[PDB]
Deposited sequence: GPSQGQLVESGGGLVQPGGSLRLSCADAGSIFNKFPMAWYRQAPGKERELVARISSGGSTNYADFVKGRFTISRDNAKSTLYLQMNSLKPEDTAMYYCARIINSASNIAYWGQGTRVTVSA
């Protein structure tokens, strides 16, 4: 397989937390850069080897990570704010130089 399947969105009281998950396949999970996007707006990016990168609005409040046992990319989101209300998408970046990407039907987060 070679998937990108989001889950974990829901209603959150300000200051609360969520863990978004993005199921994938280990064939390709570790061969491309990945990212999470708002609605588009980049939230977090991770290289194939785990080098993280974040936008300004994150202020260290989230973490993007890989779990190779279930081949899932995650966003742990803590201390959520009303401004974080959005559809969140997990994207595979198919060309890193042009940052051309592909993504699925997202998961909505409302704070």
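Where does the model have holes with respect to the deposited sequence?
Those stretches are 1-3, 43-47, 120-121, listed in order.
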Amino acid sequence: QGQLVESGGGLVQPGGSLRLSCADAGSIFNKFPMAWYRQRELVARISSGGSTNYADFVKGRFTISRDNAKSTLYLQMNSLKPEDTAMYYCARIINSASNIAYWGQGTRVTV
From here on, numbers count along this sequence of modelled residues.
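Please place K81 in the lowest, middle or highest third of its chain by C-alpha B factor as given in the entry.
CA B-factor rank for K81: middle third.
Lowest, middle or highest third - CA B-factor, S21
Answer is lowest: the recorded C-alpha B-factor places it there.
Where does the C-alpha B-factor of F32 rank in its chain, lowest, middle or highest third?
Lowest third.
Considering only modelled residues of the same chain, in which third does the CA B-factor of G106 rank: lowest, middle or highest?
It falls in the bottom third of the chain.
For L42, the third of its chain into which the C-alpha B factor falls
As the PDB entry reports it, the C-alpha B-factor of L42 lands in the middle third of its chain.
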